[PDB]
């Protein structure tokens, strides 16, 4: 009985076995049926800290190599799996943070069976997702921004994706994605689908030597214009509200956005500093948290203040275009 069978049988895995299971998955040695079975089994009983850590290690080792010489290196990313179906603002917040001087390496992917993933949005904005890791790394060093497409850095994710899409439920990959930034990001604004994961993911980041905030927004895996719950690595837990940082509250519905084409249009207007509603406020909130997490500003309020200025300046769109041109070289 190999480690995969043990996992399917629902038995807790020793660190070495957890590592082996993910190594096999990343190596393309596991059939779709057994991959589906092991993911469901792990999701039912709940993956333990040592298991997640071991699987994360297997993923980092299987990743296409990339070394970025800029630090702090910020990632604004979420676990996904919240079901709220809100627009993915992390990508826009990440661009604002980069336009403000923070080195950014945002980790993202395509959305299951919607064109809404961060990778989908960026592609619609002109980003060539096929660009090699070395070119993306050069962009981060020279321009301060880079988008790390999951499938490119972790090839196996191309096969894991359909399995996750079909199962249609949360799996260990929802937790592993944020924890496996392939550029070695050390600063985070990491959103989670449930408050239960705020502390665990913050502790995971701390063990990795990373810093930042783990966030949850009234059900969504991103900061929203409401009573957000946060856990700052090394410090503790606290609430983060819009009024706290000079922003107004808005229902979650105001952050839903629309179809892929509409969101692509919204993105341009937002980055250009033309769109001014709740969507702009939410991007400013996340970017502000990013400036704080990356040490660009000493506080969240100063971070949000800077983010509002940067967003309104339209510099984030100018940066996006520099990025697009850089990759098309």
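Numbering follows the first chain given and starts at 1.
Between 39-47 and 261-269, the higher mean Cα B-factor belongs to 261-269. If you average the C-alpha B-factors over 111-119 and over 179-187, the higher value belongs to 111-119. Highest CA B-factor among the listed residues (213, 97, 105, 255): 255.
Considering 275, 302, 29, 281 together, the PDB entry gives 275 the largest C-alpha B factor. For residue 164, the recorded CA temperature factor ranks within the lowest third of the chain's modelled residues. In this PDB entry, the Cα temperature factor of residue 69 sits in the top third of its chain's modelled residues, the highest group. Annotation for residue 148: CA B-factor lies in the lowest third of the chain's modelled residues.
Sort the chain's modelled residues by C-alpha temperature factor and residue 209 lands in the middle third, per the entry. When the modelled residues of the chain are ordered by their C-alpha B factor, residue 80 lands in the middle third.
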